[PDB]
Amino acid sequence: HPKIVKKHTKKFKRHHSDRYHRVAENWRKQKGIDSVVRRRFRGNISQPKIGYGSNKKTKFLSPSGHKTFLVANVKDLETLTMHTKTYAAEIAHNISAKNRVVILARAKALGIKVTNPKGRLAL
Amino acid sequence: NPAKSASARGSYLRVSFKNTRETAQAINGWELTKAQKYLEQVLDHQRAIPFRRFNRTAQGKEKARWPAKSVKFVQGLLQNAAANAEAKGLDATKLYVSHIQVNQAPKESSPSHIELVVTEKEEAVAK
Amino acid sequence: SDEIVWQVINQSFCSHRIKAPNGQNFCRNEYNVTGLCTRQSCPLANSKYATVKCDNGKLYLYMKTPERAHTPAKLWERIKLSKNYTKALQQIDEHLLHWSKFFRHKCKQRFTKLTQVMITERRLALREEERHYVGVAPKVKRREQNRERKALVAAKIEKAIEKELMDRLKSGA
Amino acid sequence: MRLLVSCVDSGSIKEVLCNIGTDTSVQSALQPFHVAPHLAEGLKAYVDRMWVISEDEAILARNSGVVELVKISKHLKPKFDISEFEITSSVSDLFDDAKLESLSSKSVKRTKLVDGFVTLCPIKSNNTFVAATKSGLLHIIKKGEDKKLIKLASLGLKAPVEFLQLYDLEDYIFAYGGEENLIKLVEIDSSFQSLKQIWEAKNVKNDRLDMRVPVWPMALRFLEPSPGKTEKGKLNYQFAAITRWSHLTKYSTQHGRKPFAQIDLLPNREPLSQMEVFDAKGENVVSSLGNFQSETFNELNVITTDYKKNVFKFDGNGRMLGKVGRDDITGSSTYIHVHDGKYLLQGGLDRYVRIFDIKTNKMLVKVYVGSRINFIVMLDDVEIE
Amino acid sequence: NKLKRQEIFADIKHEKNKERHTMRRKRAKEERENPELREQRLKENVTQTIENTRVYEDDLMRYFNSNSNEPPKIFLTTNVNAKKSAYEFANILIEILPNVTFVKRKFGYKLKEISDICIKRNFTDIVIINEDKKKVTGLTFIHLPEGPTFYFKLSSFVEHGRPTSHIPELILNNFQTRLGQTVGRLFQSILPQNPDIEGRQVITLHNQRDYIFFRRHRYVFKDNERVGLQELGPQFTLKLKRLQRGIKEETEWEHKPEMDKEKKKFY
Amino acid sequence: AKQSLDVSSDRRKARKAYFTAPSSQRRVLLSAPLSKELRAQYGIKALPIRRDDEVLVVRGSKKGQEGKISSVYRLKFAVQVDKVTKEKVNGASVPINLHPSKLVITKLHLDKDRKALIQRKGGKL
RNA sequence: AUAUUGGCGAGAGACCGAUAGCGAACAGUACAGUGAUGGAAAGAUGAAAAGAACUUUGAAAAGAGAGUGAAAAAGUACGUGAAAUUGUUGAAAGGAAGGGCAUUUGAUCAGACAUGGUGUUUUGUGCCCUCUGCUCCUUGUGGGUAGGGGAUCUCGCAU
RNA sequence: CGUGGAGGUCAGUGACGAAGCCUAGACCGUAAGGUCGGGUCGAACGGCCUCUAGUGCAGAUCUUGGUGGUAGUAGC
């Protein structure tokens with residue numbers, strides 16, 4: 001597949017997200033006109049913009065080359081039979097370990113890659 | 001290792017938090033008998049408890065004070081720990097205060113919780 | 001009609017659609033060759049359809065025609081696929097004679113994928129995997145962790161070892 | 001009541017004398033009157049099979065390849081009595097481990113497969129008994145006028161042999177089988193000097209994965225001949241068997257060689273064995289040997305034990321009726337046998353002798369014997385005053 | 001009312017503590033003059049610890065365990081797709097087990113095949129460590145003849161002295177129960193059976209309720225008829241499991257999660 | 001579904017009524033089903049329980065236990081069964097509180113009022 | 001026929017959820033004002049108290065053992081326990097710190113129970129060959145299911 | 001993008017552990033955020049098309065509640 005070129009691997013952080021504890025790390029655009037970040041002066045944190053857009057041919061593809069697809073039960077898992085190479089089955093965090101083994105068995109039978117196998121399981 | 005250590009805790013005491021912390025720091029890591037002797041001497045004003053954080057005499061060479069009120073509770077807790085170790089059948093000579101901590105208690109005066117742990121030193125080892 | 005049904009299922013909440021994070025609308029319907037809810041692929045949006053499904057080890061070529069739309073109880077007919085791969089492909093091609101190339105290609109791909117899914121038999125034949133997946137409940141984990149610590153504290157292994165050594169060498173040297 | 005327990009570890013017969021409600025696990029609970037070993041030979045020559053000819057004379061078989069006739073005597077010792085055992089005659093050298101050793105390869109998993117007595121029951125009034133072994137050797141032993149055992153013939157069956165069951169329902173025919181060995185019906189000549197293979201079972205069609213269904217019948221029990229239509233060429237026999245792979249198979253010779261129905265008793269083909277016919281209400285609907293006195297499978301109810309801990313109850317359609325000793329059996333039940341239709345003898349690796357009530361599954365007796373249990377027989381159900 | 005409930009019980013506890021302290025002081029003071037009364041009171045008051053409230057063959061040993069007449073060769077391997085932690089644990093296994101041979105898992109030789117090969121090589125026991133994450137979680141031991149085996153869960157694995165080349169002395173504790181002494185016999189037949197007391201090396205197994213603690217120490221005696229000991233490195237605790245009684249057939253005691261409710265009987 | 005306009009299906013109102021129900025209503029609340037053997041005898045499904053009534057335990061850790069009842073704790077909505085008691089660390093025995101809905105009556109206590117109630121409820125004796 | 005924020009008694013809400021909702025879910029109570037008046041804070045233990053028997057250090061606070069309990073990481077300060085803040089262990093660094101571009105070092109985390117696919121050669125099987133049947137529609141380029149005979153057999157499977 | 005509630009659908013998820021919280025763990029997106037790996041927790045919550053609003057905080061000498069330097073200082 002085409003190379004997965006990540007234009008910006010570093011997570012964007014809100015200005016002063018570390019100077020004050022009351023400011024969440026979630027990005028928020030500065031509204032003040034005098035704000036240096038809004039004017040993107042040299043040396044300031046990078047501002048998200050249209051330039052960092054990832055290419056469609058590699059968008060949403062994990063480093064393993066398989067797209068993530070949440071799976072809730074065997075019925076959902078069976079839908080990836082025709083897209084095993086392009087899609088991978090991801091078990092939801094709320095799935096009890098009782099059904100996790102059954103889901104993993106079906107995934108192995110169909111050859112569907114599992115993004116987070118063995119979760120909550122013990123050998 | 002619980003099999004080689006004993007614990008003693010005092011909660012909701014009315015001693016000053018800063019003085020209690022200074023006393024605990026001045027006594028952390030000392031031997032049980034040596035720590036008790038040092039506290040007794042402090043009660044006699046022969047030695048002073050250094051105040052390194054919450055604050056000039058010759059006794060401070062080893063900026064010091066004699067917090068008798070806090071020292072009384074500290075020595076009481078040390079005696080309780082020694083009694084616990086004796087109940088556990090530990091060697092009092094090898095006992096040394098390996099952990100001591102002061103925590104601010106609910107509010108007025110500033111009460112605090114004091115807990116300490118004593119552990120037996122490892123010795124008598126040979127091929 | 002198909003156009004009205006197609007547009008209603010597309011823009012009016014088809015019940016069996018799944019939205020992946022990538023932005024692809026999936027289709028978990030059992031009667032579809034492809035799990036994508038696009039046109040000419042969803043069985044509900046097309047009067048004529050063909051698909052491969054299996055209940056027992058045998059594989060069956062499922063197809064429907066407007067002759068049975070009015071009677072859903074007899075909507076889909078099936079024929080044994082002659083599980084010999086070379087014979088099965090030609091049988092599928094003959095059955096789908098004059099059908100849209102899309103349907104023939106999708107049916108052949110589905111049949112090939114289902115046939116190669118027999119790897120389950122290979123793993124079943126190569127059984128005796130001793131890992132024996134086991135699930136650990138949070139309540140079970142709590143019991144072992146705390147009770148093991150309590151047992152260790154109460155055991156006093158050092159004292160027992162000392163007592164045994166003293167009792168052993170009293171008349172053992 | 002009085003029971004005889006076979007102890008593999010000690011290789012001795014243990015006489016258990018206790019009343020209903022005995023429990024050795026509780027000090028305050030009723031305790032057995034007497035529990036002592038008899039005829040100890042060690043784990044090398046432990047008893048393998050036991051049959052009670054009468055309350056005074058019994059015949060025992062050992063894994064060493066020797067069948068010993070045991071004389072039972074009584075002496076008094078509150079006011080109850082205990083029994084003593086004396087061996088009068090025996091026959092040895094019946095085992096042939098070479099056949100089993102040659103079949104060790106390609107087996108699922110096991111050791112050299114030392115031979116052992118699979119079945120021991122009278123052939124017929126005539127004091128004639130048939131001895132079967134895993135090696136396939138079928139020996140005939142008769143009690144002479146002098147009470148000394150004499151060997152009359154040494155027949156040979158297709159090894160490996162896991163079970164043997166005679167057809168006592170007259171209304172000599174017996175069936176046998178083993179690992180990768182389809183069930184075969186055998187007719188014995190009146191002189192016991194020959195055997196005829198009249199009928200052989202056939203495997204069922206392959207599963208979804210097209211894999212051949214393995215054949216491993218662990219036990220078999222005969223039913224009455226099928227009524228109504230009786231086509232010639234085919235035979236008239238009805239029986240059911242339980243396989244290791246948890247498949248409950250019912251056979252009807254009139255229908256054909258292949259079983260007419262197969263039901264999966266447990267998922268993942270759980271190891272199952274010890275198929276004993278029992279009545280849901282405790283009626284003695286089983287013949288002297290254990291065959292079901294009925295001509296229909298709907299009334300058939302069977303008790304089977306898995307190899308981990310459980311004792312399962314199944315009907316004629318494979319439906320699980322419940323469990324016996326679910327909260328008390330901590331190990332595999334090596335031996336289970338319905339006695340008088342109401343008492344269920346239980347024993348295994350847990351070293352506890354248990355007697356369960358078929359009517360209610362209640363644990364009636366619990367006696368600790370220390371050694372592992374492989375065979376249990378009850379002599380009398382009378383309660384000591 | 002929360003305030004009323006909190007205030008009422010807060011004062012009640014203070015009064016209860018005051019009464020308890022006063023009663024204890026008076027009892028001690030009066031017992032000082034009457035020592036026998038203290039003894040009678042102690043006899044009349046049992047601490048009711050959990051231990052005190054517990055709720056109630058030579059041929060076998062030789063046949064299902066190793067004996068001094070022939071040293072036991074123990075086959076050591078690891079579950080397929082093993083990693084560094086497994087080999088690190090195998091290093092300690094080599095350091096502690098008498099005669100070990102390490103063989104990489106071939107991924108396809110069935111357990112029957114492994115047993116047959118070991119019989120061909122006259123091996124005595126098979127030990128295999130299994131891992132899920134980068135940590136040891138369970139250990140197994142199987143005897144070749146007649147296939148008596150035990151499976152053990154592994155927890156609290158911790159890596160201070162350097163053991164000498166001497167064979168540590170074997171000591172077992174709290175194996176009175178019939179099931180317990182079977183694991184005790186397994187340990188006595190799997191670990192070295194020839195002590196070399198010179199060098200003061202000891203290996204101890206100590207079960208309390210269901211977990212067995214394995215540790216090594218150096219022991220030195222003094223004139224006070226007491227022996228001091230020092231930790232000799234690794235900490236180890238194990239839990240018996242599945243009690244197969246065969247290679248994989250006829251399990252006898254396999255543990256179930258439904259147990260442990262009784263809080264006693266310390267299987 | 002409820003059709004009467006005089007009955008409300010409000011959860012809050014029902015919860016308030018249940019907790020604030022008087023002892024007279026709680027007597028009806030604390031009903032216990034009769035054993036299948038007794039149901040055929042008296043031809044009745046359930047009747048209010050009382051002291052001398054003998055009941056069997058069908059649920060809880062004490063399943064399979066039986067004994068004569070000794071008290072009907074209407075305030076706590078619980079009833080006590082003789083020989084079904086807890087063992088404290090100090091040795092004191094405290095009866096375990098059980099709900100009548102989880103117990104089966106094995107032997108009723110017969111009085112004139114109980115006999116009249118049995119006839120009223122379509123039973124027989 | 002019309003109004004109805006008071007009274008009694010009922011049926012409901014696309015309403016709010018202990019800093020909301022009436023000020024009051026446990027109050028017009030405590031409390032302040034000579035007074036008319038103002039006017040709060042506060043819900044949840046645990047299935048059940050089974051509320052820590054008992055030993056042991058403390059004039060007293062409560063501690064250490066011990067046990068009850070699914071859990072005490074639920075102990076009447078009790079459904080769950082984050083920040084601001086405070087004390088200890090460890091790492092780092094030193095009239096300041098904070099953020100951005102690129103990287104070394106230290107610590108540390110992931111890193112396939114993947115073990116395959118293809119053509120060939122023995123042997124045993126079936127849905128495979130042959131004979132004899134039963135069963136559903138409609139009628140059709142079908143489906144389901146039985147009893148006798150073998151390895152012409154790679155049509156699939158297992159070796 | 002996200003939240004309170006409602007109509008519909010997933011014969012959805014869940015005591016073999018739902019929500020919340022923590023996490024020098026990882027994945028996805030330009031981001032509002034979603035998802036998964038590990039610890040406490042216990043009983044409800046969510047994938048999607050619409051409707052609905054007391055729907056999103058960095059300050060308003062902002063309100064309630066909580067905690068620091070000042071300070072063991074002035075002082076008693």
# chains A, B, ... in the order shown; residues from 1 in each chain; ligands from 1
>>> interface_residues(of="chain F", to="chain G", cutoff="12 Å", atoms="only C-alpha atoms (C1' of nucleotides)", output="list in words")
residues 3, 4, 5, 6, 7, 8, 9, 10, 13, 60, 61, 76, 78, 85, 86, 87, 88, 89, 90, 91, 92, 93, 94, 95, 96, 97, 98 and 99 of chain F
>>> interface_residues(of="chain A", to="chain E", cutoff="12 Å", atoms="only C-alpha atoms", output="PyMOL selection string")
chain A and resi 117-123
>>> select_by_dssp(residues="range 4-124 of chain F", states="strand (DSSP E or B)", output="PyMOL selection string")
chain F and resi 31-34+46-48+54-57+66-73+78-81+85-87+93-95+98+103-107
>>> closest_residue(among="D:147, D:142, D:326, D:124", to="chain E", atoms="only C-alpha atoms")
D:326
>>> interface_residues(of="chain E", to="chain C", cutoff="7 Å", atoms="only C-alpha atoms", output="ChimeraX atom specification")
/E:206,208-209,211,226-227
>>> atom_distance(atom1="CA of residue 134 in chain E", atom2="CA of residue 87 in chain E")
10.9 Å
>>> closest_residue(among="A:114, A:45, A:107, A:61", to="chain G", atoms="only C-alpha atoms (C1' of nucleotides)")
A:45
>>> interface_residues(of="chain H", to="chain E", cutoff="12 Å", atoms="only C-alpha atoms (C1' of nucleotides)", output="NGL selection string")
:H and (16 or 37-38)
>>> closest_atom_pairs(of="chain H", to="range 102-115 of chain G", cutoff="10 Å", atoms="only C-alpha atoms (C1' of nucleotides)", output="tab-separated table")
residue	atom	partner	partner_atom	distance
H:24	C1'	G:108	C1'	7.8
H:25	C1'	G:109	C1'	6.5
H:26	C1'	G:110	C1'	7.8
H:37	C1'	G:110	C1'	9.7
>>> write_last_selection(atoms="N, CA and C atoms (P, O5', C5', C4', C3', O3' and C1' of nucleotides)", output="PDB file, in the first residue's frame")
ATOM      1  P     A H  24       0.075   9.727  32.815  1.00  0.00           P
ATOM      2  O5'   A H  24       1.370   9.683  31.888  1.00  0.00           O
ATOM      3  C5'   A H  24       2.662   9.928  32.423  1.00  0.00           C
ATOM      4  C4'   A H  24       3.739   9.394  31.514  1.00  0.00           C
ATOM      5  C3'   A H  24       3.852   7.881  31.436  1.00  0.00           C
ATOM      6  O3'   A H  24       2.900   7.301  30.564  1.00  0.00           O
ATOM      7  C1'   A H  24       6.002   8.815  31.733  1.00  0.00           C
ATOM      8  P     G H  25       2.432   5.777  30.768  1.00  0.00           P
ATOM      9  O5'   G H  25       3.024   5.025  29.496  1.00  0.00           O
ATOM     10  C5'   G H  25       2.742   5.486  28.183  1.00  0.00           C
ATOM     11  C4'   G H  25       2.286   4.359  27.293  1.00  0.00           C
ATOM     12  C3'   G H  25       1.809   4.753  25.904  1.00  0.00           C
ATOM     13  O3'   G H  25       2.863   4.969  24.987  1.00  0.00           O
ATOM     14  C1'   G H  25       0.247   3.282  26.867  1.00  0.00           C
ATOM     15  P     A H  26       2.605   5.855  23.673  1.00  0.00           P
ATOM     16  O5'   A H  26       1.625   4.965  22.786  1.00  0.00           O
ATOM     17  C5'   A H  26       2.064   3.741  22.214  1.00  0.00           C
ATOM     18  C4'   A H  26       0.949   3.043  21.477  1.00  0.00           C
ATOM     19  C3'   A H  26       0.279   3.840  20.367  1.00  0.00           C
ATOM     20  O3'   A H  26       1.011   3.832  19.154  1.00  0.00           O
ATOM     21  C1'   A H  26      -1.375   2.850  21.726  1.00  0.00           C
ATOM     22  P     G H  37      -9.447  -3.231  25.344  1.00  0.00           P
ATOM     23  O5'   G H  37      -7.899  -2.956  25.607  1.00  0.00           O
ATOM     24  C5'   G H  37      -6.907  -3.802  25.045  1.00  0.00           C
ATOM     25  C4'   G H  37      -5.545  -3.561  25.650  1.00  0.00           C
ATOM     26  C3'   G H  37      -5.477  -3.502  27.168  1.00  0.00           C
ATOM     27  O3'   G H  37      -5.506  -4.779  27.782  1.00  0.00           O
ATOM     28  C1'   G H  37      -4.209  -1.729  26.254  1.00  0.00           C
TER      29        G H  37
END
>>> interface_residues(of="chain G", to="chain A", cutoff="9 Å", atoms="only C-alpha atoms (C1' of nucleotides)", output="number ranges by chain")
G: 83-84, 98-101
>>> residues_around(residues="residue 1 in chain B", least_positions_apart="2", cutoff="9 Å", atoms="only C-alpha atoms (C1' of nucleotides)", output="JSON, numbers by chain")
{"B": [3, 4, 5, 119], "C": [153]}
>>> interface_residues(of="chain B", to="chain E", cutoff="9 Å", atoms="only C-alpha atoms", output="PyMOL selection string")
chain B and resi 122-127
>>> write_last_selection(atoms="C-alpha atoms", output="short mmCIF file (atom, residue, chain, number, x, y, z; two decimals), in the first residue's frame")
data_model
loop_
_atom_site.label_atom_id
_atom_site.label_comp_id
_atom_site.auth_asym_id
_atom_site.auth_seq_id
_atom_site.Cartn_x
_atom_site.Cartn_y
_atom_site.Cartn_z
CA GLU B 122 19.92 -7.52 57.87
CA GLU B 123 23.04 -9.01 59.45
CA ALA B 124 24.82 -12.31 60.15
CA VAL B 125 25.43 -13.31 56.53
CA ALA B 126 28.26 -15.57 55.37
CA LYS B 127 29.00 -18.27 52.81
#
>>> closest_atom_pairs(of="chain H", to="chain B", cutoff="12 Å", atoms="only C-alpha atoms (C1' of nucleotides)", output="tab-separated table")
residue	atom	partner	partner_atom	distance
H:66	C1'	B:107	CA	11.7
H:67	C1'	B:107	CA	11.3
H:71	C1'	B:54	CA	9.1
H:72	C1'	B:54	CA	7.2
H:73	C1'	B:55	CA	9.9
>>> residues_around(residues="residue 20 in chain H", least_positions_apart="2", cutoff="12 Å", atoms="only C-alpha atoms (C1' of nucleotides)", output="PyMOL selection string")
(chain G and resi 80-82) or (chain H and resi 18+22+40-42+44-45)
>>> write_last_selection(atoms="N, CA and C atoms (P, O5', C5', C4', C3', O3' and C1' of nucleotides)", output="PDB file, in the first residue's frame")
ATOM      1  P     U G  80     -17.668   2.646  47.908  1.00  0.00           P
ATOM      2  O5'   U G  80     -17.510   3.429  46.529  1.00  0.00           O
ATOM      3  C5'   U G  80     -17.143   2.751  45.336  1.00  0.00           C
ATOM      4  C4'   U G  80     -16.612   3.714  44.306  1.00  0.00           C
ATOM      5  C3'   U G  80     -15.567   4.699  44.811  1.00  0.00           C
ATOM      6  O3'   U G  80     -14.264   4.141  44.769  1.00  0.00           O
ATOM      7  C1'   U G  80     -17.229   5.845  43.545  1.00  0.00           C
ATOM      8  P     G G  81     -13.282   4.202  46.041  1.00  0.00           P
ATOM      9  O5'   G G  81     -12.238   5.342  45.655  1.00  0.00           O
ATOM     10  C5'   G G  81     -11.829   5.531  44.303  1.00  0.00           C
ATOM     11  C4'   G G  81     -12.062   6.952  43.854  1.00  0.00           C
ATOM     12  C3'   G G  81     -10.965   7.937  44.252  1.00  0.00           C
ATOM     13  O3'   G G  81     -10.802   8.947  43.255  1.00  0.00           O
ATOM     14  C1'   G G  81     -13.009   8.565  45.277  1.00  0.00           C
ATOM     15  P     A G  82      -9.332   9.523  42.945  1.00  0.00           P
ATOM     16  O5'   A G  82      -9.547  10.552  41.747  1.00  0.00           O
ATOM     17  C5'   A G  82      -8.548  10.730  40.753  1.00  0.00           C
ATOM     18  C4'   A G  82      -8.527  12.146  40.233  1.00  0.00           C
ATOM     19  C3'   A G  82      -7.788  13.164  41.092  1.00  0.00           C
ATOM     20  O3'   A G  82      -6.391  13.176  40.854  1.00  0.00           O
ATOM     21  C1'   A G  82      -9.914  14.015  40.535  1.00  0.00           C
TER      22        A G  82
ATOM     23  P     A H  18     -18.115  -4.047  31.504  1.00  0.00           P
ATOM     24  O5'   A H  18     -19.258  -2.942  31.405  1.00  0.00           O
ATOM     25  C5'   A H  18     -20.154  -2.913  30.304  1.00  0.00           C
ATOM     26  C4'   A H  18     -21.165  -1.805  30.448  1.00  0.00           C
ATOM     27  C3'   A H  18     -20.605  -0.440  30.821  1.00  0.00           C
ATOM     28  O3'   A H  18     -20.097   0.271  29.706  1.00  0.00           O
ATOM     29  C1'   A H  18     -22.449  -0.938  32.210  1.00  0.00           C
ATOM     30  P     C H  22      -9.701  11.615  35.488  1.00  0.00           P
ATOM     31  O5'   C H  22      -8.552  10.593  35.906  1.00  0.00           O
ATOM     32  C5'   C H  22      -7.983  10.648  37.204  1.00  0.00           C
ATOM     33  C4'   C H  22      -7.003   9.527  37.447  1.00  0.00           C
ATOM     34  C3'   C H  22      -5.903   9.357  36.414  1.00  0.00           C
ATOM     35  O3'   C H  22      -4.844  10.287  36.570  1.00  0.00           O
ATOM     36  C1'   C H  22      -6.828   7.248  36.929  1.00  0.00           C
ATOM     37  P     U H  40      -8.239  -3.503  40.291  1.00  0.00           P
ATOM     38  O5'   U H  40      -8.762  -2.124  40.897  1.00  0.00           O
ATOM     39  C5'   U H  40      -8.427  -1.726  42.219  1.00  0.00           C
ATOM     40  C4'   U H  40      -9.254  -0.544  42.662  1.00  0.00           C
ATOM     41  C3'   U H  40     -10.762  -0.753  42.644  1.00  0.00           C
ATOM     42  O3'   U H  40     -11.232  -1.363  43.834  1.00  0.00           O
ATOM     43  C1'   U H  40     -10.223   1.289  41.561  1.00  0.00           C
ATOM     44  P     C H  41     -12.480  -2.372  43.802  1.00  0.00           P
ATOM     45  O5'   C H  41     -13.695  -1.471  43.305  1.00  0.00           O
ATOM     46  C5'   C H  41     -14.128  -0.339  44.045  1.00  0.00           C
ATOM     47  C4'   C H  41     -15.086   0.493  43.232  1.00  0.00           C
ATOM     48  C3'   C H  41     -16.232  -0.283  42.601  1.00  0.00           C
ATOM     49  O3'   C H  41     -17.342  -0.372  43.473  1.00  0.00           O
ATOM     50  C1'   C H  41     -15.180   1.080  40.960  1.00  0.00           C
ATOM     51  P     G H  42     -17.556  -1.639  44.435  1.00  0.00           P
ATOM     52  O5'   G H  42     -19.115  -1.931  44.287  1.00  0.00           O
ATOM     53  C5'   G H  42     -20.060  -0.878  44.462  1.00  0.00           C
ATOM     54  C4'   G H  42     -20.521  -0.300  43.144  1.00  0.00           C
ATOM     55  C3'   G H  42     -21.687  -1.035  42.484  1.00  0.00           C
ATOM     56  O3'   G H  42     -22.538  -0.107  41.809  1.00  0.00           O
ATOM     57  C1'   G H  42     -19.819  -1.059  41.034  1.00  0.00           C
ATOM     58  P     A H  44     -29.285   0.613  38.048  1.00  0.00           P
ATOM     59  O5'   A H  44     -29.459   1.326  36.632  1.00  0.00           O
ATOM     60  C5'   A H  44     -28.749   2.516  36.315  1.00  0.00           C
ATOM     61  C4'   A H  44     -27.535   2.233  35.464  1.00  0.00           C
ATOM     62  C3'   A H  44     -27.573   2.751  34.035  1.00  0.00           C
ATOM     63  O3'   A H  44     -27.297   4.136  33.926  1.00  0.00           O
ATOM     64  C1'   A H  44     -26.783   0.528  34.044  1.00  0.00           C
ATOM     65  P     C H  45     -27.934   4.993  32.723  1.00  0.00           P
ATOM     66  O5'   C H  45     -27.056   4.596  31.452  1.00  0.00           O
ATOM     67  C5'   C H  45     -25.709   5.030  31.336  1.00  0.00           C
ATOM     68  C4'   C H  45     -24.972   4.296  30.242  1.00  0.00           C
ATOM     69  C3'   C H  45     -25.400   4.599  28.814  1.00  0.00           C
ATOM     70  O3'   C H  45     -24.855   5.807  28.311  1.00  0.00           O
ATOM     71  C1'   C H  45     -25.183   2.262  29.096  1.00  0.00           C
TER      72        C H  45
END
>>> closest_atom_pairs(of="range 9-59 of chain F", to="range 64-67 of chain F", cutoff="6 Å", atoms="only C-alpha atoms", output="CSV")
residue,atom,partner,partner_atom,distance
F:54,CA,F:67,CA,5.8
F:55,CA,F:66,CA,5.9
F:56,CA,F:66,CA,4.4
F:57,CA,F:65,CA,5.3
>>> interface_residues(of="chain A", to="chain C", cutoff="10 Å", atoms="only C-alpha atoms", output="PyMOL selection string")
chain A and resi 56+59-61+67-70+75-83+87+96-98+100-101+105-106+108-111+118-123
>>> write_last_selection(atoms="C-alpha atoms", output="tab-separated table (two decimals), in the first residue's frame")
chain	number	residue	atom	x	y	z
A	56	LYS	CA	-7.35	9.58	1.09
A	59	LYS	CA	-6.45	7.94	5.59
A	60	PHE	CA	-7.73	5.93	8.58
A	61	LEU	CA	-5.27	3.08	7.90
A	67	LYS	CA	-8.56	-0.12	8.84
A	68	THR	CA	-10.15	-0.30	12.28
A	69	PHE	CA	-13.74	-1.55	12.49
A	70	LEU	CA	-15.55	-1.87	15.82
A	75	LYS	CA	-22.72	-11.03	13.36
A	76	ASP	CA	-20.69	-7.82	13.06
A	77	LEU	CA	-17.47	-9.82	12.71
A	78	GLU	CA	-18.85	-11.85	9.80
A	79	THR	CA	-19.29	-8.65	7.77
A	80	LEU	CA	-15.50	-8.32	7.33
A	81	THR	CA	-15.20	-11.62	5.45
A	82	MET	CA	-14.84	-9.86	2.09
A	83	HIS	CA	-12.60	-7.06	3.46
A	87	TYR	CA	-10.33	-3.96	7.43
A	96	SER	CA	-17.17	-9.33	28.37
A	97	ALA	CA	-14.35	-11.87	28.26
A	98	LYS	CA	-16.99	-14.58	27.80
A	100	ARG	CA	-14.23	-12.22	23.55
A	101	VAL	CA	-12.94	-15.78	23.17
A	105	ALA	CA	-12.18	-17.86	17.46
A	106	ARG	CA	-14.42	-16.67	14.62
A	108	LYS	CA	-9.15	-16.68	13.42
A	109	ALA	CA	-11.47	-18.98	11.46
A	110	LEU	CA	-12.16	-16.21	8.93
A	111	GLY	CA	-8.59	-14.89	9.09
A	118	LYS	CA	-6.25	-11.24	24.20
A	119	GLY	CA	-7.85	-8.27	25.98
A	120	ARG	CA	-9.17	-9.32	29.42
A	121	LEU	CA	-8.04	-12.89	28.65
A	122	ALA	CA	-5.52	-15.06	30.49
A	123	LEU	CA	-3.56	-18.09	29.33
